[PDB]
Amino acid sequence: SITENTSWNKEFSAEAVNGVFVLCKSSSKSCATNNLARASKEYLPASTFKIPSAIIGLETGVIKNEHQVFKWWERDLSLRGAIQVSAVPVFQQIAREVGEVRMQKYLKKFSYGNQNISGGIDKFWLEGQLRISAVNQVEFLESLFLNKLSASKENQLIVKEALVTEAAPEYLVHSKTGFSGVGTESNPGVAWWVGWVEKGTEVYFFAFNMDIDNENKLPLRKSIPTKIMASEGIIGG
């Protein structure tokens, strides 16, 4: 079962950040985390929801294929482009096109978090009632990696390639950020970084989230997990 790794807390203590890193080698049956309690806590996914949303976009035909171009003077974006930027409008538009009933059906098939899309079809993952844990992110990414989600293998492949963010001779990193917004310290915002690294014949799944009350701490969402994975010899510093 998910085991606790106290050594990783040092990277959090260094920056005085409250949050969780879940890292799994080969499968979701071999995970480790610095914070047992927090690993299972559900938080708004924010832009990490672009992962299921792009898959359902393709599956429903709202996104024609991997070459779909998205309008925002306004330069158009590729699917990878729309994933990376804050194309708030892009993914708001794809969700409206998909619509409540189809979105609900796919989130139930994907076992995505609390599966609650209340709060507005074009904003539920930003302002709505949707919540998901770090553990559930890894399990979903593992299903994507194995082409086991309820979607064609071609559409899962198309989203896997669009998520590539770092390539090296030895490994490819697929990842996605997310940020709810700063909040108050009665209700701190949440920042995320989730993904997986194919290194040789091995695969590592990861999911990070943290409390964030100032936009200046945004970089930590990638530097903390990168320092941890660099320590394990998975990716370069």
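Residue positions are given as counts along the sequence shown, with the first one as 1.
**Asked** On average, are the C-alpha B-factors higher in 82-90 or in 146-154?
**Response** Comparing averages over the C-alpha atoms only gives 82-90.
**Asked** Which has higher Cα B-factors on average according to the PDB entry: 54-62 or 32-40?
**Response** Higher of the two, by average CA B-factor, is 32-40.
**Request:** Please work out which residue in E166, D122, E127, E97 has the highest C-alpha B-factor recorded for this crystal structure.
**Result:** Reading the PDB entry, the winner on C-alpha B-factor is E127.
**Asked** Per the PDB entry, which option out of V20, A14, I224, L23 has the greatest Cα B factor?
**Response** Highest C-alpha B-factor among the listed options: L23.
**Asked** By its CA B factor, does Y204 count among the lowest, middle or highest third of the modelled residues in the chain?
**Response** As the PDB entry reports it, the C-alpha B-factor of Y204 lands in the middle third of its chain.
**Request:** State the tercile, meaning the lowest, middle or highest third, of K71 with respect to the CA B-factors recorded for its chain.
**Result:** Highest third.
**Item:** Third of the chain's Cα B-factor distribution that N187 belongs to, per the entry
**Value:** Ranked within chain, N187 CA B lands in the highest tercile.
**Asked** Compared with the other modelled residues in the chain, in which third is the CA B-factor of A46?
**Response** Ranked within chain, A46 CA B lands in the middle tercile.
**Asked** Relative to the other modelled residues in the chain, which third contains the C-alpha temperature factor of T177: lowest, middle or highest?
**Response** According to the entry, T177 has a C-alpha B-factor in the chain's middle third.
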